[PDB]
file model_39.txt (compact mmCIF, C-alpha atoms)
# COMPACT_ATOMS: atom_id res chain seq x y z
CA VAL A 3244 0.00 0.00 0.00
CA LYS A 3245 2.90 2.41 0.70
CA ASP A 3246 4.73 1.28 -2.53
CA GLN A 3247 1.40 1.80 -4.44
CA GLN A 3248 0.94 5.30 -2.88
CA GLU A 3249 4.55 6.22 -3.96
CA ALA A 3250 3.86 4.81 -7.50
CA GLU A 3251 0.50 6.78 -7.54
CA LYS A 3252 2.41 10.04 -6.57
CA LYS A 3253 5.06 9.30 -9.31
CA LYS A 3254 2.15 8.64 -11.81
CA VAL A 3255 0.37 11.98 -10.89
CA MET A 3256 3.68 13.90 -11.30
CA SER A 3257 4.42 12.17 -14.68
CA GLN A 3258 0.69 12.94 -15.67
CA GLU A 3259 1.25 16.68 -14.88
CA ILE A 3260 4.63 16.54 -16.74
CA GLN A 3261 2.87 14.87 -19.74
CA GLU A 3262 0.18 17.65 -19.75
CA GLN A 3263 2.91 20.41 -19.62
CA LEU A 3264 4.84 18.68 -22.50
CA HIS A 3265 1.55 18.47 -24.50
CA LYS A 3266 0.91 22.24 -23.97
CA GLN A 3267 4.62 22.98 -24.84
CA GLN A 3268 4.21 20.84 -28.02
CA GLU A 3269 1.01 22.78 -29.00
CA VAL A 3270 2.87 26.14 -28.49
CA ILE A 3271 5.81 24.76 -30.58
CA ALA A 3272 3.30 23.61 -33.28
CA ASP A 3273 1.80 27.20 -33.36
CA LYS A 3274 5.35 28.71 -33.62
CA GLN A 3275 6.08 26.11 -36.43
CA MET A 3276 2.90 27.16 -38.36
CA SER A 3277 3.86 30.91 -38.03
CA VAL A 3278 7.38 30.27 -39.44
CA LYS A 3279 5.82 28.03 -42.14
CA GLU A 3280 3.92 31.14 -43.40
CA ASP A 3281 7.26 33.02 -43.54
CA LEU A 3282 8.78 30.04 -45.47
CA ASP A 3283 5.84 30.22 -47.97
CA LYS A 3284 6.46 33.95 -48.47
CA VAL A 3285 10.18 33.27 -49.09
CA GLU A 3286 9.31 30.45 -51.61
CA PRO A 3287 6.96 32.80 -53.67
CA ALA A 3288 9.64 35.59 -53.55
CA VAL A 3289 12.20 33.00 -54.90
CA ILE A 3290 9.62 31.98 -57.54
CA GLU A 3291 9.23 35.68 -58.54
CA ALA A 3292 13.05 35.92 -58.83
CA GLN A 3293 13.02 32.83 -61.10
CA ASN A 3294 10.25 34.47 -63.21
CA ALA A 3295 12.49 37.58 -63.50
CA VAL A 3296 15.33 35.24 -64.65
CA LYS A 3297 12.99 33.67 -67.26
CA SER A 3298 12.07 37.22 -68.44
CA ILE A 3299 15.25 37.33 -70.54
CA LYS A 3300 15.37 37.90 -74.35
CA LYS A 3301 18.21 36.39 -76.39
CA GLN A 3302 18.24 39.55 -78.55
CA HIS A 3303 18.62 41.91 -75.58
CA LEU A 3304 21.82 40.13 -74.39
CA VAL A 3305 23.54 40.46 -77.77
CA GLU A 3306 22.59 44.19 -78.03
CA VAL A 3307 25.09 44.48 -75.19
CA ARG A 3308 27.47 42.22 -77.23
CA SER A 3309 27.09 44.52 -80.30
CA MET A 3310 27.46 47.74 -78.23
CA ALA A 3311 30.89 49.31 -78.37
CA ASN A 3312 30.51 52.79 -76.73
CA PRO A 3313 27.52 52.40 -74.35
CA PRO A 3314 25.66 54.84 -72.06
CA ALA A 3315 27.45 55.07 -68.66
CA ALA A 3316 24.16 53.91 -67.00
CA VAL A 3317 24.11 50.56 -68.87
CA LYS A 3318 27.93 50.24 -68.40
CA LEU A 3319 27.44 50.35 -64.60
CA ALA A 3320 24.41 48.02 -64.97
CA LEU A 3321 26.80 45.33 -66.38
CA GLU A 3322 29.41 46.15 -63.71
CA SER A 3323 26.58 45.12 -61.36
CA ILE A 3324 26.57 41.60 -62.86
CA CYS A 3325 30.32 41.63 -63.66
CA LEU A 3326 31.44 41.19 -60.04
CA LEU A 3327 28.38 39.04 -59.24
CA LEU A 3328 30.23 36.34 -61.24
CA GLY A 3329 33.55 37.71 -59.92
CA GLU A 3330 35.17 40.00 -62.53
CA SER A 3331 36.91 43.00 -61.00
CA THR A 3332 37.78 44.58 -64.38
CA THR A 3333 35.78 47.75 -65.14
CA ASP A 3334 37.02 48.88 -68.58
CA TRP A 3335 34.27 48.55 -71.21
CA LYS A 3336 36.73 47.18 -73.81
CA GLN A 3337 37.77 44.49 -71.30
CA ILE A 3338 34.38 43.81 -69.68
CA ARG A 3339 32.64 43.21 -73.03
CA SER A 3340 34.77 40.00 -73.30
CA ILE A 3341 32.73 38.29 -70.45
CA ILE A 3342 29.55 39.60 -72.15
CA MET A 3343 30.91 38.41 -75.56
CA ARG A 3344 31.61 34.86 -74.32
CA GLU A 3345 28.88 32.21 -74.63
CA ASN A 3346 29.40 31.04 -71.00
CA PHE A 3347 27.49 34.18 -70.09
CA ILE A 3348 23.97 32.96 -70.97
CA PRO A 3349 23.69 29.58 -69.09
CA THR A 3350 25.37 31.01 -65.94
CA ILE A 3351 22.48 33.52 -65.64
CA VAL A 3352 19.98 30.66 -65.91
CA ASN A 3353 21.05 28.50 -62.93
CA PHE A 3354 22.34 31.34 -60.74
CA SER A 3355 21.80 31.38 -56.96
CA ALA A 3356 23.02 33.96 -54.40
CA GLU A 3357 22.59 31.35 -51.64
CA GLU A 3358 26.00 30.01 -52.82
CA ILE A 3359 27.33 33.51 -53.57
CA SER A 3360 29.79 34.68 -50.89
CA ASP A 3361 28.65 37.28 -48.33
CA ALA A 3362 31.91 39.31 -48.78
CA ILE A 3363 31.48 39.78 -52.56
CA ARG A 3364 27.72 40.42 -52.00
CA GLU A 3365 28.76 43.09 -49.41
CA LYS A 3366 30.78 44.70 -52.25
CA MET A 3367 27.64 44.28 -54.43
CA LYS A 3368 25.55 45.97 -51.70
CA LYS A 3369 27.93 48.88 -50.91
CA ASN A 3370 28.56 49.85 -54.57
CA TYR A 3371 25.01 49.31 -55.89
CA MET A 3372 23.15 50.92 -52.98
CA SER A 3373 24.64 54.24 -54.23
CA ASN A 3374 23.77 53.64 -57.90
CA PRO A 3375 21.51 55.97 -59.91
CA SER A 3376 21.40 52.86 -62.29
CA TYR A 3377 19.90 50.76 -59.44
CA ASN A 3378 16.88 53.13 -59.64
CA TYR A 3379 14.63 51.27 -62.07
CA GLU A 3380 13.96 54.62 -63.80
CA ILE A 3381 17.46 55.46 -65.01
CA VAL A 3382 18.08 52.05 -66.63
CA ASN A 3383 14.60 52.02 -68.30
CA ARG A 3384 15.21 55.55 -69.67
CA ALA A 3385 18.75 54.62 -70.87
CA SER A 3386 17.63 51.46 -72.70
CA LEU A 3387 15.13 48.52 -72.58
CA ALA A 3388 18.17 46.43 -73.54
CA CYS A 3389 19.31 46.86 -69.90
CA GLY A 3390 15.83 47.07 -68.46
CA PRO A 3391 15.15 43.33 -67.92
CA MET A 3392 18.70 42.25 -66.93
CA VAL A 3393 18.99 45.23 -64.48
CA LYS A 3394 15.50 44.34 -63.19
CA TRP A 3395 16.97 40.82 -62.55
CA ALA A 3396 19.98 42.35 -60.69
CA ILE A 3397 17.64 44.53 -58.55
CA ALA A 3398 15.54 41.44 -57.84
CA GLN A 3399 18.69 39.56 -56.77
CA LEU A 3400 19.97 42.25 -54.32
CA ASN A 3401 16.47 42.59 -52.80
CA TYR A 3402 16.56 38.73 -52.71
CA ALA A 3403 19.90 38.87 -50.74
CA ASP A 3404 18.42 41.21 -48.08
CA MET A 3405 15.31 39.04 -48.01
CA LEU A 3406 17.86 36.11 -47.63
CA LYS A 3407 19.68 37.41 -44.59
CA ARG A 3408 16.18 37.51 -43.26
CA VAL A 3409 15.39 34.04 -44.81
CA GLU A 3410 18.40 32.18 -43.40
CA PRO A 3411 17.40 33.36 -39.88
CA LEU A 3412 13.66 32.53 -40.47
CA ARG A 3413 14.29 29.05 -42.03
CA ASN A 3414 16.80 28.15 -39.33
CA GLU A 3415 14.03 29.06 -36.84
CA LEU A 3416 11.49 26.93 -38.77
CA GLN A 3417 13.75 23.81 -38.93
CA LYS A 3418 14.26 24.17 -35.16
CA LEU A 3419 10.57 24.93 -34.56
CA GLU A 3420 9.19 22.06 -36.75
CA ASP A 3421 11.81 19.57 -35.38
CA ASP A 3422 11.08 20.65 -31.73
CA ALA A 3423 7.28 20.39 -32.38
CA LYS A 3424 7.61 16.83 -33.81
CA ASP A 3425 10.05 15.72 -31.02
CA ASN A 3426 7.69 17.33 -28.38
CA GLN A 3427 4.65 15.51 -29.94
CA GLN A 3428 6.50 12.12 -29.96
CA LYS A 3429 7.65 12.75 -26.36
CA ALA A 3430 4.03 13.78 -25.41
CA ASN A 3431 2.73 10.46 -26.97
CA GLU A 3432 5.49 8.38 -25.16
CA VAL A 3433 4.84 10.07 -21.72
CA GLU A 3434 1.01 9.70 -22.21
CA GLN A 3435 1.65 5.94 -22.90
CA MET A 3436 3.92 5.77 -19.76
CA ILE A 3437 1.16 7.57 -17.69
call {"tool": "encode", "arguments": {"input": "model_39.txt", "output": "structure tokens"}}
result
Amino acid sequence: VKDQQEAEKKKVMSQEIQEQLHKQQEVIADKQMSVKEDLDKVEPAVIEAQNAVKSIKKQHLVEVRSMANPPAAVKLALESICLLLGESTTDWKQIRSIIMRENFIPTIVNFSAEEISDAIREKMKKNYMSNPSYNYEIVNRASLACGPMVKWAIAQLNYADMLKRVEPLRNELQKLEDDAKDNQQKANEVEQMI
């Protein structure tokens, strides 16, 4: 009778612990659903960036390849994507060689800034946050040859700010979803033990 009273006290404590773990799991599941909405926003923003990538004309790329003395606005617009791939050269005679090469088109197709280094991106942020060319009005006025590709560059830098935010949010979600599932399994195991 004393051993059964001690086991009954241990069972009531484990019952209260199992209730607290079930409430903690429900709070974790609510936090997981809130970061899931953030993850859905980031996935549509990535999809919009991919749609901007698809919005490329083959003719518009070679207008840049056939341009020998361009407006200074479109010259800076290609300097935006020059160092994105990692070319520090700024002369137009020398930078038209990367534009001229055929490696230039498929690299724009599969491109991701998730793999792009933070340090080079920081250089892409510092230089291009001062640009009149970054303003979608200067490029459009200068040419519609640089309109869509510059629109893709703008999308990508906005995507990188959204991404500092996204790596934090997704890290939170992986932790929140994993903690919610582990808390639910633990809640089931403790309810079975109770």
call {"tool": "closest_residue", "arguments": {"input": "model_39.txt", "among": "A:3432, A:3249, A:3425, A:3420", "to": "residue A:3279", "atoms": "all atoms listed in the file"}}
result
A:3420
call {"tool": "residues_around", "arguments": {"input": "model_39.txt", "residues": "residue A:3299", "least_positions_apart": "6", "cutoff": "9 Å", "atoms": "only C-alpha atoms", "output": "PyMOL selection string"}}
result
chain A and resi 3391-3392+3395
call {"tool": "atom_distance", "arguments": {"input": "model_39.txt", "atom1": "atom CA of residue A:3355", "atom2": "atom CA of residue A:3408"}}
result
16.0 Å
call {"tool": "closest_residue", "arguments": {"input": "model_39.txt", "among": "A:3385, A:3296, A:3244, A:3400", "to": "residue A:3353", "atoms": "all atoms listed in the file"}}
result
A:3296
call {"tool": "closest_residue", "arguments": {"input": "model_39.txt", "among": "A:3266, A:3350, A:3282, A:3389", "to": "residue A:3410", "atoms": "all atoms listed in the file"}}
result
A:3282
call {"tool": "closest_residue", "arguments": {"input": "model_39.txt", "among": "A:3250, A:3264, A:3382, A:3272", "to": "residue A:3421", "atoms": "all atoms listed in the file"}}
result
A:3272
call {"tool": "atom_distance", "arguments": {"input": "model_39.txt", "atom1": "atom CA of residue A:3356", "atom2": "atom CA of residue A:3399"}}
result
7.5 Å
call {"tool": "closest_residue", "arguments": {"input": "model_39.txt", "among": "A:3406, A:3327, A:3362, A:3397", "to": "residue A:3281", "atoms": "all atoms listed in the file"}}
result
A:3406
call {"tool": "atom_distance", "arguments": {"input": "model_39.txt", "atom1": "atom CA of residue A:3424", "atom2": "atom CA of residue A:3261"}}
result
15.0 Å
call {"tool": "closest_residue", "arguments": {"input": "model_39.txt", "among": "A:3310, A:3285, A:3430, A:3398", "to": "residue A:3342", "atoms": "only C-alpha atoms"}}
result
A:3310
call {"tool": "residues_around", "arguments": {"input": "model_39.txt", "residues": "residue A:3361", "least_positions_apart": "6", "cutoff": "10 Å", "atoms": "all atoms listed in the file", "output": "list in words"}}
result
residues 3367, 3368, 3403 and 3407 of chain A
call {"tool": "residues_near_point", "arguments": {"input": "model_39.txt", "point": "(16.5, 48.8, -59.6)", "cutoff": "8 Å", "atoms": "only C-alpha atoms", "output": "tab-separated table (two decimals) with C-alpha atoms, in the frame of the given file"}}
result
chain	number	residue	atom	x	y	z
A	3376	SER	CA	21.40	52.86	-62.29
A	3377	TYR	CA	19.90	50.76	-59.44
A	3378	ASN	CA	16.88	53.13	-59.64
A	3379	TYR	CA	14.63	51.27	-62.07
A	3380	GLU	CA	13.96	54.62	-63.80
A	3382	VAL	CA	18.08	52.05	-66.63
A	3393	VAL	CA	18.99	45.23	-64.48
A	3394	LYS	CA	15.50	44.34	-63.19
A	3396	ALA	CA	19.98	42.35	-60.69
A	3397	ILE	CA	17.64	44.53	-58.55
A	3398	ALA	CA	15.54	41.44	-57.84
call {"tool": "residues_around", "arguments": {"input": "model_39.txt", "residues": "residue A:3341", "least_positions_apart": "5", "cutoff": "9 Å", "atoms": "all atoms listed in the file", "output": "list in words"}}
result
residues 3325, 3330, 3346 and 3347 of chain A
call {"tool": "residues_around", "arguments": {"input": "model_39.txt", "residues": "residue A:3332", "least_positions_apart": "5", "cutoff": "12 Å", "atoms": "all atoms listed in the file", "output": "list in words"}}
result
residues 3319, 3321, 3322, 3323, 3324, 3325, 3326, 3337, 3338, 3339, 3340 and 3341 of chain A
call {"tool": "axis_aligned_box", "arguments": {"input": "model_39.txt", "around": "stretch 3313-3324 of chain A", "padding_each_side": "3 Å", "output": "AutoDock Vina command-line options"}}
result
--center_x 26.8 --center_y 48.3 --center_z -67.9 --size_x 11.3 --size_y 19.5 --size_z 19.0
